[PDB]
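Only one chain is included here, represented as structure tokens and corresponding to the form deposited in one PDB entry.
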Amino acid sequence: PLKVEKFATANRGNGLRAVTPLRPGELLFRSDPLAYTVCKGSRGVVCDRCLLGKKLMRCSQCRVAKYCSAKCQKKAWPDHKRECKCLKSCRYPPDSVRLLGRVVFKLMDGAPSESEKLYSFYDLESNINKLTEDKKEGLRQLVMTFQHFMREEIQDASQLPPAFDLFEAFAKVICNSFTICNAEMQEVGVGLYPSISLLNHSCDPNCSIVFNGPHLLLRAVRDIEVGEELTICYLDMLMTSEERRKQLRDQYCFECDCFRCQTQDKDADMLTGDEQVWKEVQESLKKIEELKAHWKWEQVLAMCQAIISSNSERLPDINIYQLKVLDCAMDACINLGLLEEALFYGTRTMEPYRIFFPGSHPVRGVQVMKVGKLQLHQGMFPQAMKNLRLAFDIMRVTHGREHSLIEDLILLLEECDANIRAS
């Protein structure tokens, strides 16, 4: 019996609303993707199928798809078989083109997907009548890129779903793509989850999604009344209202009416410090984030240290650009085994994260868990326990028992508690 239902909103198209009262942490829907792929930077770093990092085995035919195990390579074959001949034949396509290829193959060759239970690819919003000419030109180039990439497998409309229009399909992709994140909150893939696509956006949402490999869990993060619309935040929380406005216009074709956008909620705190410094850090973050997307941790760390410990002027840790640098440095340190330095950066992020991730947000839950884990392994048992319990309080809501990371957290809590009891 579903706790959610599709409905027609007054001014935001279709949406999802609660059928029953919902409490924080309640699992509302779970879904595998209709189609998904690894993102360009994680290609060859994580398994194409399960999206875990490993030391990967490549598909011998295309040598593009890479896998953690024979199980994953073999299980991925039915959904990889047709794209394999295309990847071989061609130059690597934009993620959206690889994704749409997988959409087409799934719709043509696969049984009806549970991911389409509430809403299908065919139903998705295209926003075509809101696209500006520059966006239409970009979509036309994507169409032509798809036609080139897919030519070994799709030569005519007979090989697309009935009356499938590639321009419209890419228009849907742009406003319906989910960024799949691994357990550590590294972006690793992109997917379409058409039932989940019913959720409209809020900058202060009542639900949240989290990924466990390709699998998506939708949970309430506030109390929700019968009939109330369910929302998620499509965006990183570490964004000003101007940045949100740009992304919601450019990618989603809407103007956000939430209270936060009307009042520039938190913008001024997010932009504290000297503007010339944070403008330079924001510019450096383009390169830092590009390096991070490719798992280049040593280079990430070097760039971050040059900011965090700059000889030149510095930023407060609440400035969002400084905060993003701290977080990249922490993750680089964790992945590099520099656990004392990781804890220094991670600890600094804790109060800004408390402010910018109000309520229960999976990114804060994960960050607090990382900090608690670092403290636990440094023997700081009471401090680790407070953070691990805080992470559990958040992650019971945002992740829940169905997400494997919660089991890892429970292990840390038991280890930490055992230490405290032996002290």
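In this text, residue numbers run from 1 along the sequence as written. We call the rigid core the largest set of C-alpha positions that still match within 1.5 Å between the two forms.
Here the subject shifts to the form deposited in another entry, a form of this protein not shown in this document.
- When the two forms are overlaid on the rigid core, CA displacement between this form and the one not shown of 2 Å or more is confined, within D109, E275, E351, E340, to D109.
- For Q262, the Cα coordinates differ by under 2 angstroms between this form and the one not shown after the core has been superposed.
- Taking 2 Å as the criterion, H148 does not count as shifted between this form and the one not shown: its C-alpha moves by less than this amount when the rigid core is aligned.
- Here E242 does not count as shifted, since its C-alpha moves by less than 2 Å between this form and the one not shown after the core is aligned.
- The distance between the CA atoms of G110 and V210 is at least 3 Å longer in that other deposited form than in the form shown here.
- Note: the CA-CA distance for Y67 and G110 expands in that other deposited form relative to this form, by 3 angstroms or more.
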